[PDB]
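Q: Supplied in structure tokens, the structure appears directly below.
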Amino acid sequence: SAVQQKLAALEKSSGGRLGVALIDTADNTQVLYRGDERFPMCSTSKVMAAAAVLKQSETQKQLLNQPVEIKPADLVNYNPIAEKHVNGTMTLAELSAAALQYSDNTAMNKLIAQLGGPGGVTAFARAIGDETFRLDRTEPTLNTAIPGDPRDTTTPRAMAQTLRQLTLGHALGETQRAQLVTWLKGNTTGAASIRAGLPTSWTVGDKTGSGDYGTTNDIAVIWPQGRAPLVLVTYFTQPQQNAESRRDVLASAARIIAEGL
Ligand SMILES: *[B@@]1([O])O[C][C]([C][O])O1
């Protein structure tokens with residue numbers, strides 16, 4: 001189709017490897033570009049960790065208010081929110097928000113610990129029908145994004161389906177789903193990524209990711225005004241370990257998708 005020709009041209013122009021999956025929930029139609037190739041998730045994996053904790057809170061009703069101590073040894077490479085609470089506590093809700101809306105890596109590591117390790121995050125994915133997602137490492141090493149390395153990867157198709165289930169479907173309880181949606185809509189790191197290629201009137205909830213090999217990712221739920229929502233996953237990675245981030249590619253891919261509707 002036209003859209004696949006334009007995405008291929010965008011990829012060729014970029015020098016990297018682009019993966020896209022769009023689900024249009026109006027008719028459950030899908031548009032895929034390298035949809036079944038693995039890509040490093042980087043911080044897009046934070047959505048699964050937060051959702052796993054939300055799932056736990058369906059039974060442990062006060063879990064999100066549980067205080068968690070932030071110690072100096074907990075700080076890793078990128079901790080914009082946790083840094084503000086060193087030698088204090090943050091609740092699991094605050095850690096989830098920080099991981100999602102600021103991409104805080106300490107917060108992610110606390111979520112992973114709450115789940116019993118990366119295997120606990122992966123298990124949640126399996127429990128909701130995602131056979132592809134795998135989380136193998138903690139922060140910051142899950143961002144190494146080494147070509148060919150299957151650790152800490154998923155495919156665009158899988159992540160789009162899972163994001164749909166978590167936000168628009170019923171993989172989570174009603175209060176938990178709403179909380180996740182609220183968190184995603186409040187993301188602060190996404191202005192130059194998918195959002196930049198979409199009409200300013202559309203409501204977007206997204207989670208970005210960035211890593212080595214110039215890996216530049218964004219996953220989003222999109223609520224166009226007067227129109228069924230869309231789920232869009234855009235993954236991008238490059239052949240040079242020290243490549244620069246290319247958020248413009250994700251914006252352009254979103255623009256191409258949006259034009260086709
Ligand atoms: B994710 O990908 O978003 C930012 C942090 C930086 O390590 O990880």
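Order determines the names: the first chain of the structure tokens is A, the second B, and so forth; residues in each chain are numbered 1 upward, and ligands are numbered 1 upward as they are shown.
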If you count only C-alpha atoms and all ligand atoms, which residues end up within 9 Å of ligand 1, as a PyMOL selection string?

A: chain A and resi 41-46+76-79+99+102-105+139-143+189+207-211+215-217

Q: Looking only at helix (DSSP H, G or I) from DSSP on the backbone, list the matching residues of range 32-110 of chain A as a PyMOL selection string.

A: chain A and resi 42-56+63-65+72-74+82-85+92-101+105-110

Q: What is the CA of residue 214 in chain A-CA of residue 134 in chain A distance in Å, reported with one decimal?

A: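 So the answer is 20.5 Å.
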
Q: Residues near residue 10 in chain A, anyone? I mean within 8 Å using only C-alpha atoms, not counting same-chain ones fewer than 3 positions away, as a ChimeraX atom specification.

A: /A:6-7,13-14,249,252-253

Q: When you look at residue 166 in chain A with a cut-off of 9 Å (counting only C-alpha atoms), what residues show up, excluding the ones that are within fewer than 3 positions of it in the same chain? I need them as a list in words.

A: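 Surrounding residues, per the criterion: residues 48, 51, 128, 161, 162, 163, 169, 170, 171, 172, 177, 180 and 181 of chain A.
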
Q: How would the residues just chosen look if you wrote them out with C-alpha atoms as a PDB file, in the first residue's frame?

A:
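The resulting file, again28.pdb, is shown below:
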```pdb
ATOM      1  CA  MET A  48       4.624  -3.411  31.241  1.00  0.00           C
ATOM      2  CA  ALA A  51       0.823  -2.409  34.422  1.00  0.00           C
ATOM      3  CA  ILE A 128      -2.137 -11.277  29.277  1.00  0.00           C
ATOM      4  CA  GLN A 161      -1.667  -5.652  20.739  1.00  0.00           C
ATOM      5  CA  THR A 162      -0.542  -5.535  24.367  1.00  0.00           C
ATOM      6  CA  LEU A 163      -0.848  -1.777  24.638  1.00  0.00           C
ATOM      7  CA  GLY A 169      -9.206  -3.532  26.609  1.00  0.00           C
ATOM      8  CA  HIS A 170      -9.756  -5.191  29.922  1.00  0.00           C
ATOM      9  CA  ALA A 171      -6.419  -6.781  30.810  1.00  0.00           C
ATOM     10  CA  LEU A 172      -6.629  -4.560  33.868  1.00  0.00           C
ATOM     11  CA  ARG A 177      -6.911   0.852  33.326  1.00  0.00           C
ATOM     12  CA  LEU A 180      -2.700   3.779  33.378  1.00  0.00           C
ATOM     13  CA  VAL A 181      -4.422   5.912  30.738  1.00  0.00           C
TER      14      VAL A 181
END
```

Q: Show which residues sit within 7 Å of range 94-98 of chain A, as a PyMOL selection string. Count only C-alpha atoms, and ignore same-chain residues fewer than 2 positions away.

A: chain A and resi 50+81+90-92+100-104+107+183

Q: Using only C-alpha atoms, pick whichever of A:93, A:254, A:231, A:219 has the shortest atom-to-atom distance to residue 197 in chain A.

A: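 Closest to residue 197 in chain A, using only C-alpha atoms: A:254.
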
Q: With only C-alpha atoms as the counted atoms, please give the residues lying no more than 8 Å from residue 185 in chain A, apart from itself and same-chain residues fewer than 5 positions off, as a tab-separated table (two decimals) with N, CA and C atoms, in the first residue's frame.

A:
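Final file, out_13.tsv:
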```
chain	number	residue	atom	x	y	z
A	203	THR	N	-5.74	13.62	21.22
A	203	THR	CA	-5.21	13.32	22.55
A	203	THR	C	-4.33	12.08	22.45
A	204	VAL	N	-3.18	12.18	23.04
A	204	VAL	CA	-2.19	11.11	22.94
A	204	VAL	C	-1.75	10.72	24.33
A	205	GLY	N	-1.59	9.42	24.53
A	205	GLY	CA	-0.93	8.93	25.70
A	205	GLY	C	0.22	8.09	25.16
A	206	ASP	N	1.42	8.28	25.65
A	206	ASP	CA	2.55	7.58	25.03
A	206	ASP	C	3.64	7.31	26.06
```

Q: Extract the full set of strand (DSSP E or B) residues from range 2-235 of chain A according to DSSP on the backbone, and format it as a PyMOL selection string.

A: chain A and resi 17-24+29-33+39-40+67-70+88-91+153-154+203-211+215-223+230-235

Q: I need the residues from that last selection saved to file as a PDB file, in the first residue's frame (with C-alpha atoms), if you can.

A:
```pdb
ATOM      1  CA  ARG A  17      15.657   0.104  10.863  1.00  0.00           C
ATOM      2  CA  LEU A  18      12.060   1.172  11.468  1.00  0.00           C
ATOM      3  CA  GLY A  19       9.264  -0.907  12.923  1.00  0.00           C
ATOM      4  CA  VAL A  20       5.686   0.271  13.006  1.00  0.00           C
ATOM      5  CA  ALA A  21       2.422  -1.230  14.054  1.00  0.00           C
ATOM      6  CA  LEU A  22      -0.894   0.560  13.920  1.00  0.00           C
ATOM      7  CA  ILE A  23      -4.165  -0.863  15.217  1.00  0.00           C
ATOM      8  CA  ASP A  24      -7.266   1.056  14.198  1.00  0.00           C
ATOM      9  CA  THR A  29      -7.470  -3.241  10.966  1.00  0.00           C
ATOM     10  CA  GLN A  30      -3.691  -3.330  11.336  1.00  0.00           C
ATOM     11  CA  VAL A  31      -0.850  -1.682   9.457  1.00  0.00           C
ATOM     12  CA  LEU A  32       2.546  -3.252  10.005  1.00  0.00           C
ATOM     13  CA  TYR A  33       6.057  -2.416   8.887  1.00  0.00           C
ATOM     14  CA  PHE A  39      13.490  -4.327  18.448  1.00  0.00           C
ATOM     15  CA  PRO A  40      15.031  -3.210  21.713  1.00  0.00           C
ATOM     16  CA  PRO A  67       5.963   3.558  50.618  1.00  0.00           C
ATOM     17  CA  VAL A  68       9.226   2.457  49.105  1.00  0.00           C
ATOM     18  CA  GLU A  69      12.522   3.863  50.370  1.00  0.00           C
ATOM     19  CA  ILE A  70      14.849   5.508  47.832  1.00  0.00           C
ATOM     20  CA  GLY A  88      12.889   9.472  51.696  1.00  0.00           C
ATOM     21  CA  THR A  89      10.088   7.350  50.329  1.00  0.00           C
ATOM     22  CA  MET A  90       7.933   7.293  47.234  1.00  0.00           C
ATOM     23  CA  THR A  91       4.753   5.282  46.953  1.00  0.00           C
ATOM     24  CA  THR A 153      13.029  -6.908  22.991  1.00  0.00           C
ATOM     25  CA  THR A 154       9.592  -7.195  21.564  1.00  0.00           C
ATOM     26  CA  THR A 203      -5.209  13.319  22.547  1.00  0.00           C
ATOM     27  CA  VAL A 204      -2.187  11.110  22.942  1.00  0.00           C
ATOM     28  CA  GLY A 205      -0.925   8.928  25.703  1.00  0.00           C
ATOM     29  CA  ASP A 206       2.553   7.582  25.034  1.00  0.00           C
ATOM     30  CA  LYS A 207       5.758   6.194  26.414  1.00  0.00           C
ATOM     31  CA  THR A 208       9.084   6.923  24.768  1.00  0.00           C
ATOM     32  CA  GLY A 209      12.238   4.906  24.798  1.00  0.00           C
ATOM     33  CA  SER A 210      15.819   5.673  23.979  1.00  0.00           C
ATOM     34  CA  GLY A 211      18.932   3.598  24.105  1.00  0.00           C
ATOM     35  CA  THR A 215      17.427   3.546  19.495  1.00  0.00           C
ATOM     36  CA  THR A 216      14.444   5.848  19.471  1.00  0.00           C
ATOM     37  CA  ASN A 217      11.043   4.407  20.326  1.00  0.00           C
ATOM     38  CA  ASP A 218       7.550   5.553  21.182  1.00  0.00           C
ATOM     39  CA  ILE A 219       4.352   3.685  21.842  1.00  0.00           C
ATOM     40  CA  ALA A 220       1.089   5.489  21.942  1.00  0.00           C
ATOM     41  CA  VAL A 221      -2.648   5.347  22.283  1.00  0.00           C
ATOM     42  CA  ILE A 222      -4.314   8.032  20.245  1.00  0.00           C
ATOM     43  CA  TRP A 223      -7.803   9.441  20.704  1.00  0.00           C
ATOM     44  CA  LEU A 230      -5.739   4.065  17.484  1.00  0.00           C
ATOM     45  CA  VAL A 231      -2.719   2.295  18.923  1.00  0.00           C
ATOM     46  CA  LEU A 232       0.596   3.136  17.279  1.00  0.00           C
ATOM     47  CA  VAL A 233       3.998   1.657  18.036  1.00  0.00           C
ATOM     48  CA  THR A 234       7.106   3.085  16.368  1.00  0.00           C
ATOM     49  CA  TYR A 235      10.497   1.517  17.008  1.00  0.00           C
TER      50      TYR A 235
END
```
